[PDB]
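Participant: My questions all concern the structure below.
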Amino acid sequence: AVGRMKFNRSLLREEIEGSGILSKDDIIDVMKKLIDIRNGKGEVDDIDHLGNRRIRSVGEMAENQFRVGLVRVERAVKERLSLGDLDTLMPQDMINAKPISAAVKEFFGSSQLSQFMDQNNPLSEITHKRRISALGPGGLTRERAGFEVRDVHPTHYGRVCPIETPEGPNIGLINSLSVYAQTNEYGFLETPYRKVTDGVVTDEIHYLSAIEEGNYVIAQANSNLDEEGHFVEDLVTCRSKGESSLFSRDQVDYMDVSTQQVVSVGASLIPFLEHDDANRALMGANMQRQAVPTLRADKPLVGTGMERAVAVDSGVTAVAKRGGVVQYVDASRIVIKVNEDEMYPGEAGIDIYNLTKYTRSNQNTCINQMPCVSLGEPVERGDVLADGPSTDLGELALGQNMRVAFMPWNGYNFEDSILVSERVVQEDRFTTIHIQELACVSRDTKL
Amino acid sequence: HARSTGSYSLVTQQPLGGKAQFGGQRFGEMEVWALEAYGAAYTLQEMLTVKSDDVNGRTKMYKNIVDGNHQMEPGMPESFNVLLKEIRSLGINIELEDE
Amino acid sequence: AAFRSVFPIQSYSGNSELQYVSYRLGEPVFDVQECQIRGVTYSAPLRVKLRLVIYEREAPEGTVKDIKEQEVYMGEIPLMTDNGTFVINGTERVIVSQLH
Amino acid sequence: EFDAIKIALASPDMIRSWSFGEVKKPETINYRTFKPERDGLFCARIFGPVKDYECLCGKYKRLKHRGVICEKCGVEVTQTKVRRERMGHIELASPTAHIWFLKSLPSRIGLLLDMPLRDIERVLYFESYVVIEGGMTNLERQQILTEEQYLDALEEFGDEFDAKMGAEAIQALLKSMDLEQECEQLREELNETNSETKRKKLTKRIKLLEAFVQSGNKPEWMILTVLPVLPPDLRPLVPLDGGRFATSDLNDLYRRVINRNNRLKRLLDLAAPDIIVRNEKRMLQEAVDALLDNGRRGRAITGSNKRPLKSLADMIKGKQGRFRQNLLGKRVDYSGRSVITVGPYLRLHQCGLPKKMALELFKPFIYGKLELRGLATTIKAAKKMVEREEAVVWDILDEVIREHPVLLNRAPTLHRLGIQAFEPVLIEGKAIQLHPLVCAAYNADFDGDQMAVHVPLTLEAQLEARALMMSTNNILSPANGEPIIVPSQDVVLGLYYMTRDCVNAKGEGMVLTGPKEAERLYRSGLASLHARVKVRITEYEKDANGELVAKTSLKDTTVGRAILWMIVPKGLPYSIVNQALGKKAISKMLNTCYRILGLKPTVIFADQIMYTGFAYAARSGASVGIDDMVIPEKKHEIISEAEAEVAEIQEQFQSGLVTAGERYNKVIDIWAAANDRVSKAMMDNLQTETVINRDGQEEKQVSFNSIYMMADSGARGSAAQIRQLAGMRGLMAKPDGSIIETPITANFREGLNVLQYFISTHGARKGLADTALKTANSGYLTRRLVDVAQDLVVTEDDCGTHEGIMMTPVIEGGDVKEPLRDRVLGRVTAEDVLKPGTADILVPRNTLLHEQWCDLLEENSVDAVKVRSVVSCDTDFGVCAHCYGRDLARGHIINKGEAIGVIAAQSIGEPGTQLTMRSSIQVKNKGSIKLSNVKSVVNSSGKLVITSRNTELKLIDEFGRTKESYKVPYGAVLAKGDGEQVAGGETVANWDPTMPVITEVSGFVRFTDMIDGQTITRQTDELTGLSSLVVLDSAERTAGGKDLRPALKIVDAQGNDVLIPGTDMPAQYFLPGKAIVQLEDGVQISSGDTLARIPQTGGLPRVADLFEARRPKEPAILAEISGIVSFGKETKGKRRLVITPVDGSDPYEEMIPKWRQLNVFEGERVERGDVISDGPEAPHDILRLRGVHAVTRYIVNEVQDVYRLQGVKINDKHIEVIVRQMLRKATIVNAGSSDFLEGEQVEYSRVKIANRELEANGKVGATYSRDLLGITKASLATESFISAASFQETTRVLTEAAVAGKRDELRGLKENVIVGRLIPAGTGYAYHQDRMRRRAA
Amino acid sequence: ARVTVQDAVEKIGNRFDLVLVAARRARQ
DNA sequence: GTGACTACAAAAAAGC
RNA sequence: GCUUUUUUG
DNA sequence: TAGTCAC
Ligand SMILES: [Mg+2]
Ligand SMILES: [Zn+2]
Ligand SMILES: [Zn+2]
């Protein structure tokens, strides 16, 4: 039906609904439109535009696999019922679940798209959960991938990250989505904006998809409003169809919500991104991903403000699910005396938190939680009380803070090498811990 | 990752792979080209013969190096002979016409 | 909806019709912690109710009886952890959304 | 042990000689035991002993009966490795056809009989009958037959009727028939033949048979009747658990075929009827087919779980085939891999090593070292003590390291500088420590790339490593000309800071007694590093032959320059370092020393440069700070006006006065202008920032901005980066390639709008995607380049040839962008140099032009010379040294043996990474105008107008030097004359970008020979306001009217068709299509007056297509003949075009398109090799009509121009040598040795003719024509069959090599690699020559 | 110790004969 | 014009 | 062990 | 998938 609606929209139809099958008149209109295009009536489409690109999350993928298993068992059971017992049979024995179970299990556990999670860094795992791939069973091969799909469509602004992108044979195919971008129930990409009536910004938010971006004009967040939308000058920059120009104040009607919805969550932690080249931004984001935790993380001297949100939103850290005050603290478990109003009648228990300790990751790095609170102090519902790996006080922290001097020195920093004092290694500010796993089996042969 | 001598694969009489399970360093062919480009010939001969695929020489050199000798075996590679046999297997008359 | 796509099942000429009725999800057999401890999928069972209706042979659409097999064991389905991920055997994996 | 290989078919008797017995049963094992049968397939009696020095029964035990047979088991009591090679044979009851000649697409059997193979298969499997002259009057020997017809002929003749069956009958036929009368009859037929489709078939057949009769093989032997059996060691049969075996596919097919033989034997043992004889014979036929090649004809595996099995091809063909992977690309021991870092304290011939890698690599040498000293007793004791890290291990290892160089290479070994050698210096850590300077060769940044360490073993390898792969020896560029030890990234800034001049500082104006105490002043901190002091130094000059005379004087300089003079070596003038030294200069510096002092002084000079550069860069200190770079205030203000002006253009577009496209051009141009203005402003601000007063008044000087040193010294960055950092970032283009109209007004230091940032992203993503995708296609290119140029080993010094033409500096229209002096540098002269002084010879011939004669040319104004070229070297499968040139690896001439092809391929392919994938003439210099192809006539204005379309003008220096060169398009008026001394900035020729056609004789224009309206259309256009003449074509005008090729009749005052007097023709000029003439009728037109006016890629693809010589879309057609051109007719398609040569082949025409412009007319006196149309040209015609040397300068021009566009230089020797191998084939014009026209080796034909001429004097031999071939096709058609069998279609090459008796001489390189024998390129080449000279000589 | 063979190159120069003769001398 | 035959690394995992 | 697939540089 | 010679 989404395909049906897209088809009807492409043919300038009037309906939204439709059948799951074609009909003669539809193909007839297809020839008519193609011939008119050949004559020069209308214009060709563009696959790179987001309106023609859709995201299939876990939902419809699992639905597809489950339906395939369903029909696979259904043909057999229907045939057996037709040719078999009539009244002295139970549905349970004739029905089967092993083929469907095996199919969904293999789809979940082994696929070109079922990725393997990275655990080395909370930022790494968050940006891996946000990943979007044009690969896998339904995408396209590297050999047959055109050059244009590597490139950046002018409508990517605000939906997919123009920076976070791996380097190698597959570049521009694995870009992740921006921070504010949220999916639309039809599967398109939608981002927030702010309506403007004449010259005053509507505080209410307004979600906008890719296609409706075409017929509107949208300004930039850096535009300065006096007190209620009064722009600094009535001639301001804007954008209508992938182009920039100076437009009148009444010309524009939408505001972008903020400045961050252009960049990804992974790349929004780089401070002062406004001054370096795009390529260095790419590399910086990648080495941000590939960080490894230290034994005692330290707060970043210069940050971007998303540290709190990225730490709390990812579940690696332990957060106070229910408000109250702390009753007992331990290095391993946390007891929280819930507030009398926070609890609901009947269930009068108090909060328990069994923190994890050093356990193997998917990259042999170490995960633990040192409790970062004390006794007899307030806590709030949905507040951090335990800090996991590479974080502190609910703020992200991946490396350390060094004192640095930009100075050529006897060639030991000839091209890109680094000089390190004995002091940094002596106080152990970078020394990490890794966990290895060894497994031994016991088979039985003839001897 | 470093390797001197140890186990070899069953399928081919060559050292193992990867850092784990006692592997060895890979020698491509771009650098074969480059070694060709120099006057370097003896090193290429020795490496293709005794370092990787030889079994008789592999132990022979190892016994040769321990007693202070580093002299090769000035003869045709053994794999050439069996290779020759294969062409002689079909119907083909092949021989070293000039000795 | 996936059931509704295969909701009506009818014989060839046996006048026996199998239809979906209801579904519910059982509780996970093991919690996540032991799932990575032992190496099993953090899964949940599928329980479904099926109704079989049979008419008199060579007679109009008048059923004889309703065979109700409820809560049918319908395989196992992985449950997403609250963190937003799965575990296949003992290792944590995520499904990246595909763009097509 | 040998130096050549011959391959051919085998005879049954010598096949048995190969064998050592006859095998009877497939019994490879007996149950209840594990002993192969002495009469089975794994016959130890014929394969050899099962256990070392032991017979099958073991009655002889390893001391008393070694090497002798046993009485019980008929096997010699010897070692078991003979079993690895000992082999037998099987005798076939009935002969069978070797199916490869069956299964090859150019089937040898069918080509030999010229009769199809489909019936051959039928008769082979006994489905059709073959006659053997069944009747003397009805049919022939080679007709198929049916049993029903066989019965009919039996009743018909019977007595003379005889017709056997199958492969035995075919072999009887082949043996009965000869090939001599075949060869003479085919020679007679092809001599008098007209058919072309069968001509090629017949030529191939006659060639095959005439080679076969000379080969000596027998066709009957081709139909094998005895089959050899392989030694059992090759087929893996391990006894599995429960008495099972590995079931080698070889054993499956052996058992199958031997069972078929046994069944046929039993069938023939009772005189069985022929009804079952056919069945068993056919089945044995498929059995032998499956064994020899299964899956090709019947696909009858029948020995596996429905899967293909290794019969024979899997051991030859397929990636599992061990040839091209198991001798090309594999693992190796005695090697390690690790990360690299910077060792800025090491001499240039050293490298570091972590201790763990050291001990792991050398522990075999360690055991020998310990046991020789006797400290260890057993091998286990040595292993355990070295594992326990004793005290003696460290110093003994340090002893054994001292002379044992190791090899280092980055992963993508792009060229010969990829792999080097060093002496290890053991250190602590876990990373490889490299010299900084050599790090420029590997292109190995320190971003964490890994390098691999190898180690040679034998004394020969170690000595060769010391002699060749020391970093010292490999200094100059193998690519073109320069040291690869150019001072590296950091040292250059240190040198620049060393040598500056501040207007005033501490310690200025005094004098210093020398460089010795000069640093004393600086070290005490009493004088500035740079000052204005006066010091006296003593140097030497190489003016004395072998002596360095010392001279001294007082020279004004700075303190730092004295510090540098402290370490500069002896024989160099002081003026070379008097200037503010930069990156390019210091590089040149090294070159000078390398051309004066040698090698060791240069290398110690390089090490001193490194040490001083690092020391005084660290001591100096130069960071980058926010206030270090400064933005000009004017910039914003400046671009403000630009912004304003943009709005102005908008209003012109707002008014509708202008369209967007011209508005688009206007805005992009004004933005570019504003960018230029602001960039100039900020350069101006930075360059002269420093204004320091000296003794009162303030006075400016060169700036001391840290960025300004860091860039102006050229260590890093360029003008573009510095412009980006402060000024206008510029305007980027939208991804389709067109430039977006809004430049990014802000710079990096200031803020950025996110949209500006967003816009700039895809510009970077485009380039990054290009760099990502380039690493595959470019590398593969080099592969195609190496296979064609694989061998090309120089073999003899001089063949005495003296060919080549005029190696001259190409002038590129404007200023010439390369001189002669570098172009001929390193090339050896072919002809004697005649100084332009009336036979006052300056350089004798056969002399190397290194520098001295090169230094003798500039003062002699020599501007045109020729040198020997490898294309003009007529040896046999080699190159002459005095025809090759000077190898760039070492300053001396190329030695004997050093491979050239591989070096050339690598040098050509290395810059692929930097190789991206996607009206009038105004003189500018002073000289006298010079015109080539002078065809001009005085116009009505008294000046000169050309009438030759290929006219070309040049400007010559007053010293005889060419300075300019310009094409003169047809019908361009000349505002000057030849030889008139005119300075620059003066136009001399004028024309239009539509083209004019102009008369040659004066008089009226009596417009006859055209039909008004039909031929010429009197288009009275409103714009011109007159009834002009339009000579439309046949399709444009009326076809019936346009059936005479109208020509205007220019007449004199007498109204007559005036002729060029007696010489050529009347004034009739064939007016072409759309010949727009503005005259109406009968207006006087002088000679040379207008008649009409016709209204007329990426680097990597360019290189790749040029090396393939693939034809372009529009081949600019050429007049391959002389004479006077005419015009043909019009056909259903493109217009015919006939020519009228003044002699020779008068009736010549061609199929010429008419839609595209044809700047050719009747009055064109065509000559030998002049282009007809315009545009791209294929190499084929240029080669086949205007000589080989024409292309030689063509491909080199194109590729070197491309690389120069990319700013990369490679010496012209490398690019053209592959041409000498690219141009490796030819066709035969006149017969006498070959048949008529086969394309074969040109060098082979030349050597055949040259020897023939003295032997059979007077014979024409074979006049030929040297054609070209794509490098891919050149690889396919290589003479060496082994090279072909390496990587493609192994089946055929074996077939037509064996039947034709191919004898490979191993003249190549890859063939020597494939068989495992030593390569005869480097020290191997000396080895073989020494082996040949001593042994068998 | 020794690293440069420029003397041999300039007197008996051939990168192969000298290394081969050194090899056969050192084989003893 | 169309058809048979032919050709740079480390790590995670499936299928025998 | 081998074949293949994936992630990372 | 991209390249080759034959019917
Ligand atoms: Mg590195
Ligand atoms: Zn015996
Ligand atoms: Zn020569």
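Chains as they are written, first to last, in the deposited numbering: chain H, 399 to 845; chain S, 1244 to 1342; chain L, 51 to 150; chain B, 16 to 933, 948 to 1022, 1024 to 1126, 1135 to 1375; chain D, 2 to 29.
Ideal Cβ placement from N, Cα and C applies to all residues, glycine included.
Three or more beta-carbon pairs under 8 Å between the region 400-418 of chain B and the region 1349-1361 of chain B, yes or no?
Facilitator: They do not touch, by the three-pair rule.
Participant: Span of the beta strand (DSSP E) holding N1289 (chain B)?
Facilitator: That residue, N1289 (chain B), is in no beta strand (DSSP E); its alpha helix (DSSP H) goes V1280 to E1293.
Participant: Who are the neighbours of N768 (chain B) on chain H, taking C-beta pairs under 8 Å?
Facilitator: The contacting residues are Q618, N620 and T635.
Participant: Alpha carbon to alpha carbon, how far is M1025 (chain B) from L1121 (chain B)? Give it in angstroms, no decimals.
Facilitator: Roughly 11 Å between the two C-alpha positions.
Participant: Please report how far the alpha carbon of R1222 (chain B) lies from the alpha carbon of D1250 (chain B), in whole angstroms.
Facilitator: Answer to the nearest angstrom: the Cα atoms are 23 Å apart.
Participant: Taking Cβ positions, are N1336 (chain S) and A1335 (chain B) nearer each other than 8 Å?
Facilitator: For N1336 (chain S) and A1335 (chain B), no; Cβs fall outside 8 Å.
Participant: Could you check which residue in B:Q1098, B:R634, B:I552 and B:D1305 has the C-alpha nearest to that of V1226 (chain B)?
Facilitator: Ranking B:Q1098, B:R634, B:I552 and B:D1305 by Cα distance to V1226 (chain B) puts B:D1305 first.
Participant: Have a look at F141 (chain B) and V38 (chain B) and give me their C-alpha separation to the nearest angstrom.
Facilitator: Going by the C-alpha atoms only, they are around 28 Å apart.
Participant: Using a Cβ cut-off of 8 Å (strictly closer), state whether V1254 (chain S) contacts chain B.
Facilitator: Chain B contact via Cβ: absent.
Participant: For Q148 (chain L), which beta-bridge partners are listed by DSSP?
Facilitator: Answer is H:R454 and H:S531.
Participant: Taking the straight line between their C-alpha atoms, what separation do you get for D1063 (chain B) and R1290 (chain B)?
Facilitator: So the two alpha carbons sit approximately 56 Å from each other.
Participant: Please indicate yes or no: does the CB of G73 (chain B) lie closer than 7 Å to some heavy atom of ligand 2?
Facilitator: Under cutoff, so the answer is yes.
Participant: Beta-carbon within less than 7 Å of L614 (chain B)'s beta-carbon, same chain only, minus the 5 sequence neighbours each way: which residues are those?
Facilitator: These residues qualify, in order along the chain: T487.
Participant: Apart from the five residues just before and just after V777 (chain H), which ones in its own chain have a Cβ nearer than 8 Å to its Cβ?
Facilitator: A718, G721, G722, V723, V724, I734, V771 and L783, listed in sequence order.
Participant: What does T657 (chain H) touch in chain B if you count any residue whose Cβ is under 8 Å from its own?
Facilitator: Going along chain B in sequence order, the residues near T657 (chain H) (Cβ under 8 Å) are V769.
Participant: Return the Cβ separation of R101 (chain L) and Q69 (chain L) in integer angstroms, given the expectation that the two are a contact with Cβ distance under 8 Å.
Facilitator: Contact flag correct, Cβ pair sits at about 5 Å.
Participant: Check whether chain B comes within 8 Å of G570 (chain H), counting only Cβ atoms and requiring the distance to be less than that.
Facilitator: Yes, contact with chain B.
Participant: What is the C-beta distance between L387 (chain B) and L441 (chain B), in whole angstroms, given that I count them as a contact (C-beta under 8 Å)?
Facilitator: Contact doesn't hold; Cβ gap of about 20 Å is too wide.
Participant: Which value, in whole angstroms, describes the spacing of the CA atoms of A533 (chain B) and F804 (chain H)?
Facilitator: If you take the alpha carbons of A533 (chain B) and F804 (chain H), they lie about 30 Å apart.
Participant: Taking 8 Å as the threshold (beta carbon to beta carbon), is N792 (chain B) in contact with chain D?
Facilitator: No, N792 (chain B) lies away from the interface with chain D (no Cβ there is under 8 Å from its Cβ).
Participant: Quick one: using the 10 Å Cβ neighbour count with 16 as the cut-off for buried, is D739 (chain H) buried or exposed?
Facilitator: Burial call: exposed.
Participant: Mind checking who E67 (chain L) pairs with in its DSSP beta bridge?
Facilitator: BP columns for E67 (chain L) point to L:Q60 and L:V103.
Participant: Taking Cβ-Cβ distances shorter than 8 Å, what residues in chain D pair up with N606 (chain B)?
Facilitator: Under the 8 Å cutoff, chain D gives no residues; its nearest Cβ is about 16 Å from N606 (chain B).
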